[PDB]
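Encoded as structure tokens, the structure appears first; notes follow it.
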Amino acid sequence: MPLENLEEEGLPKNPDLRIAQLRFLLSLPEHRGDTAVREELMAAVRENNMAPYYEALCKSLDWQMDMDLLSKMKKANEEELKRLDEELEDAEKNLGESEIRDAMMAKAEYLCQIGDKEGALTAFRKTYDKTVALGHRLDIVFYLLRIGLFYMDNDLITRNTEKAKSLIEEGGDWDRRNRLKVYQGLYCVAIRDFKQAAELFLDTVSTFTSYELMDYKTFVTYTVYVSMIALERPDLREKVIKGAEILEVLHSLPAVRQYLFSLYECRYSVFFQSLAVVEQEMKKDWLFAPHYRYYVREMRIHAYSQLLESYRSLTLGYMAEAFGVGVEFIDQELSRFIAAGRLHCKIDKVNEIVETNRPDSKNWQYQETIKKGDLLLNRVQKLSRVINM
Amino acid sequence: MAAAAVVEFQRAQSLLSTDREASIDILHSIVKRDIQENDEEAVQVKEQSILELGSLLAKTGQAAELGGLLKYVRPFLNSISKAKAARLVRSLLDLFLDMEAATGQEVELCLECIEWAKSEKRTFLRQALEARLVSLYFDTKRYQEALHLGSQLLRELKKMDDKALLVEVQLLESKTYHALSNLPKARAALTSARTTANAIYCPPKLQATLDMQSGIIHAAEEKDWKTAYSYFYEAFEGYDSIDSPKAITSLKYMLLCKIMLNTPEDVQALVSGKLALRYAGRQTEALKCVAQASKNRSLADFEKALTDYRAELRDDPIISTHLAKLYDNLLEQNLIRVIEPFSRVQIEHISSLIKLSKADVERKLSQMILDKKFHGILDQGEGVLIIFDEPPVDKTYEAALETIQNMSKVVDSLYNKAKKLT
Amino acid sequence: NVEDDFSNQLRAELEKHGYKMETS
Amino acid sequence: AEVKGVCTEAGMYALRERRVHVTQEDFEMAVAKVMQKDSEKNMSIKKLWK
């Protein structure tokens, strides 16, 4: 459910339409009692303004904190503090297992709200430790994970998702599995591995019905953006376009649906202006990516690939119009992209052929073998050197 | 009170004879009447009153005023407060489906209803309404809303109860799933539905729904044509009596099984008199034109039938999906014959042979390279299609590639223990 | 070093809408 | 044995669905299927009685 908060963060990250989301972002810490925490979440947003608060500036677009946001925070910590103490007292009276862990979570929330991040993490470990069912242990990891995802600090997210996945078969906490599927996909977007996200998301929709987690419909929409970015058309074709998920929702999909339709129609002018549209509505609406530069390279390389894959020759004009990006730009990107060999092409600009060496040929299979092969020799030498003396 | 006399009767006639203007003043008397006052005697008058209201609604000639009148069906149902209220509902549902009172007002009235149903009345009445809601949402193509509702019901009870009416919700859910192109969730649902069906206990309308769904899953998805068709024949005969739009679909579907099987003989026989002539519309000719196009091996004939016939083809979601699957397969079969020499066949010579147009062939080939549904490459710079010939061994590179990747994993393990030396 | 693609993001979206008309 | 049978039977339905886990919808269906079959086999005073 708190997945909305991540959508607020994301849109300002690329500096375009930031203005409205900045305000909406600010409102969430009042409720929570998160004043201090906000500065930390602000960090994730980076490459745009997020600095102004009641305790800071009021000059830039990002929204001022209320006098009320501050006061609510004072209330919340007092109240949290009161709950923690109260919860322990009740624990002495009755069962040890359930009651005590609930108490430690109160302590972690209290430290997490004032801003003592280190303090919150030692407390959170305590929670995990205490003897209760595995099912109950999972419930406690999901809150910290969401919080972790917000800051986009990598370490926190790794730990939680990884243990959470183990427990499912062993406990038999299949019921928890539903929240978890969505949670695995969040992790998967969060590292610079959009590849994983594309396979992960598609699975997530079919196995999900409901058990205390964000709507079904929201995921499907999100599935399309990951699916396209990572996957090439034959994989994409089977999975989403023939598959159930995208069709059932129908509405609220047009940016993404326009992409799939255009790609089917195979008129590349139409696909490229929809690339841009799905980049602005969907892709920038995610905070996710520990280096944004990787996200941009993958969307351009994918679209490029489709155009080049279909044709061994194109005239330069058809290719250049289809992209809609500059001579300077096309060239500038192309030099980086070719090295990888996902494109594997070259531009005969003076006769006007866009030739493709073919990423399905002998030239390709060689490029990979050699590239891996040479580096392996250097490695045998480093191992060999240690062993003799 | 009124059940087929006085105020309600007068309204029936007024829609048919005069104008919609005339009906409005009358309808106000009927809405007022329905609220807590009802015919409480189960000696004819009562079943006639809900029924007469169902006939005014699904008369139709639909307009906003009539929608408002539909919202009242629910207090009329609540007032009855008996066991007999459930039978009345079952009967009522068909009139609505054939001819809407209005699409937007009905979906909303049903969502409200379910809450009432779970509480005061029997699960027999609950099961019946859900089947209307689900059918309603499906045509609207809010495929998700229909499935979400149906699934909510199933989840609440299945602990020891199945009923014929409960199966019907599940039949309609399978139909929605077929249209998305997903067989698993539908197959699971089919089972529960056929089992209560085996021993007849149902009016003709339920029987036809059970027959029609079993048929869609068996025809395209599972791919046994003999199995699909057989159920369809029953479904038509059942459908024809109570229904109008439903019956239309089932007859086209009969033709559809046999088109994929690629026999002309069966298609032609089915087109002709069983009861077929009345429901047979423009779409019998769409289905018939596509069969000839598959048979003949002309792709061009096919594209044309889709374009012209399209509105009807599109409306039932199930039909569209089926027609689409049929289109991708036809296109692939026909290409293989022309391309087959390899090398540099010109896009134009193949185009003529294949039975396609110049503009269409270029586009079809373009899609296909990416999909690798013929393993060639299309050259737009020269205006030729080249097909990839067999090359010399890839095998040599691949064995090297595999060996080097395994050694890289090993190297990572090899270094760690080595640290001990230095 | 740092990828020129990032700087390219803002510039590439806008270019697309104009370019298609400008050049064939 | 009947309770063991309900859990197992539930798991089998979920696979059909394309799931990897049971839902409520499967779990409740399983209960029904094991018990009615038992009651059908065991009883034989029920022919038009109770």
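Cβ atoms here come from the backbone N, Cα and C positions, even for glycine.
If you look up Swiss-Prot, you'll see B:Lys274 marked as SUMO2 cross-link, on the strength of similarity to another entry. Per Swiss-Prot, the feature domain 'PCI' maps to B:224-392; the stated evidence is sequence analysis. Among the features that Swiss-Prot reports, N-acetylalanine is placed at B:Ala2. Swiss-Prot lists B:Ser14, B:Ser23 with the feature phosphoserine.
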**OP:** May I ask for the distance between B:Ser14 (phosphoserine) and B:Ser23 (phosphoserine), taken between their Cα atoms and rounded to an integer number of Å?
**Re:** 6
**OP:** Please report how many Å separate the Cα atom of the residue listed as 'N-acetylalanine' from that of B:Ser23 (phosphoserine), as a whole number.
**Re:** 16
Original post:
What same-chain residues, at least 6 away in sequence, bring their CB to under 8 Å of the CB of B:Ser23 (phosphoserine)?
Top reply: B:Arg11, B:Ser14, B:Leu15, B:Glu65, B:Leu66
Original post:
Which residues of the same chain, at least 6 positions away in sequence, have a Cβ lying under 8 Å from the Cβ of the residue listed as 'SUMO2 cross-link'?
Top reply: B:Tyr233, B:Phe236, B:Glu237
**OP:** Please report the number of other Cβ atoms within 10 Å of the Cβ of B:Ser14 (phosphoserine).
**Re:** 19
Original post:
What number of additional C-beta atoms lies within 10 angstroms of the C-beta atom of B:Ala2 (N-acetylalanine)?
Top reply: 20
